[PDB]
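Peer 1: Before I ask anything, here is the structure I am working with.
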């Protein structure tokens with residue numbers, strides 16, 4: 001097939017795809033394997049009661065420093081997604097010399113808690 005799909009991006013950044021307004025904005029309560037495949041990580045295939053991903057995951061999609069680091073605590077029933085708590089790169093703030101007037105040391109609108117414990 002004629003199709004050279006050269007997707008060159010290393011996502012080694014504290015709030016770009018991982019947490020600017022994209023993983024909070026998606027708002028999907030549907031599948032465990034879909035949210036972990038779209039981020040870039042395995043999931044939990046139990047057919048009884050497949051509950052939370054509360055783990056320090058890591059993906060070697062970088063080639064400059066080390067890895068894209070995923071401390072992402074996300075709660076599941078078996079497939080359906082309840083809530084997600086993202087301390088993955090835990091300071092989302094370029095306090096740094098950049099051509100952008102960014103007077104706000106947290107690049108994201110909200111958390112992702114709902115009305116439910118687990």
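Computed from the coordinates by the stated procedures, all read-outs in this text should not be read as laboratory data. Here the Cβ positions follow ideal geometry from the backbone for every residue, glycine too, while neighbour counts run over all protein chains shown.
Peer 1: Quickly run through region 19-41 and pick out the residues that are in contact with a strand residue (DSSP E or B) (Cβ under 8 Å, 6 or more places away or on another chain) and within 25 Å of residue 6 (Cα to Cα).
Peer 2: Residues satisfying the conditions are 19, 23, 35, 36, 39, 40, 41.
Peer 1: Here is a check on your reading of the model: is residue 50 in a loop (DSSP other than H, G, I, E, B) and buried (at least 16 other Cβ atoms within 10 Å of the Cβ)? Break it down stepwise before answering.
Peer 2: Working: in a loop (DSSP other than H, G, I, E, B): yes; buried (at least 16 other Cβ atoms within 10 Å of the Cβ): yes.
Judged against the criteria, residue 50 is a match.
Peer 1: Now for a different question. Report, by residue number, each residue of region 75-118 that is assigned to a loop (DSSP other than H, G, I, E, B), within 21 Å of residue 39 (Cβ to Cβ) and in contact with a strand residue (DSSP E or B) (Cβ under 8 Å, 6 or more places away or on another chain).
Peer 2: Answer for region 75-118, where residues must be assigned to a loop (DSSP other than H, G, I, E, B), within 21 Å of residue 39 (Cβ to Cβ) and in contact with a strand residue (DSSP E or B) (Cβ under 8 Å, 6 or more places away or on another chain): 87, 88, 89, 90, 111, 112, 113, 114, 118.
Peer 1: Next up: So which residues in region 53-64 are over 25 Å from residue 7 (Cα atoms) and either in contact with a helix residue (DSSP H, G or I) (Cβ under 9 Å, 6 or more places away or on another chain) or in a loop (DSSP other than H, G, I, E, B) (or both), if there are any at all? Walk me through it before giving the result.
Peer 2: Let us first name the residues in region 53-64 that are over 25 Å from residue 7 (Cα atoms), namely 53-56.
Within region 53-64, 53 is the sole residue that qualifies.
Peer 1: Kindly indicate whether any position in region 86-95 is exposed (fewer than 11 other Cβ atoms within 10 Å of the Cβ), free of Cβ contacts under 8 Å to residues at least 24 places away in the same chain and either over 17 Å from residue 114 (Cβ atoms) or out of contact with any helix residue (DSSP H, G or I) (no Cβ under 8 Å at 6 or more places or on another chain) (or both).
Peer 2: Keep residues of region 86-95 that are exposed (fewer than 11 other Cβ atoms within 10 Å of the Cβ), which gives 90, 95.
Cutting the leftovers down to free of Cβ contacts under 8 Å to residues at least 24 places away in the same chain gives us 90, 95.
Narrowing further to those that are either over 17 Å from residue 114 (Cβ atoms) or out of contact with any helix residue (DSSP H, G or I) (no Cβ under 8 Å at 6 or more places or on another chain) (or both): 90, 95.
Yes.
Peer 1: Still on this structure, I have one more. Given the criteria farther than 21 Å from residue 111 by Cβ and not in a loop (DSSP other than H, G, I, E, B), does residue 37 qualify? Walk me through it before giving the result.
Peer 2: Values: farther than 21 Å from residue 111 by Cβ: yes; not in a loop (DSSP other than H, G, I, E, B): yes.
Yes; evaluated as a whole, the condition is true for this residue.
Peer 1: Within the group 50, 37, 2, 22, which residue is touching a helix residue (DSSP H, G or I) at 6+ places or on another chain (Cβ under 9 Å), free of Cβ contacts under 8 Å to residues at least 40 places away in the same chain and at negative phi? It would help to see each step written out before you state the result.
Peer 2: Details: 37 fails: touching a helix residue (DSSP H, G or I) at 6+ places or on another chain (Cβ under 9 Å); 2 fails: touching a helix residue (DSSP H, G or I) at 6+ places or on another chain (Cβ under 9 Å); 22 fails: touching a helix residue (DSSP H, G or I) at 6+ places or on another chain (Cβ under 9 Å).
Within the list 50, 37, 2, 22, the selection yields 50.
Peer 1: Would you confirm, using the coordinates I've provided, whether residue 118 is out of contact with any helix residue (DSSP H, G or I) (no Cβ under 9 Å at 6 or more places or on another chain) and under 26 Å from residue 9 (Cα atoms)?
Peer 2: Values: out of contact with any helix residue (DSSP H, G or I) (no Cβ under 9 Å at 6 or more places or on another chain): yes; under 26 Å from residue 9 (Cα atoms): no.
For residue 118, the condition - out of contact with any helix residue (DSSP H, G or I) (no Cβ under 9 Å at 6 or more places or on another chain) and under 26 Å from residue 9 (Cα atoms) - is not met.
Peer 1: Let me ask you something else. Could you check region 65-74 and list, in sequence order, the residues that are touching a helix residue (DSSP H, G or I) at 6+ places or on another chain (Cβ under 9 Å) and either more than 11 Å from residue 18 (Cβ to Cβ) or free of Cβ contacts under 8 Å to residues at least 24 places away in the same chain (or both)?
Peer 2: The answer is 74, and nothing else.
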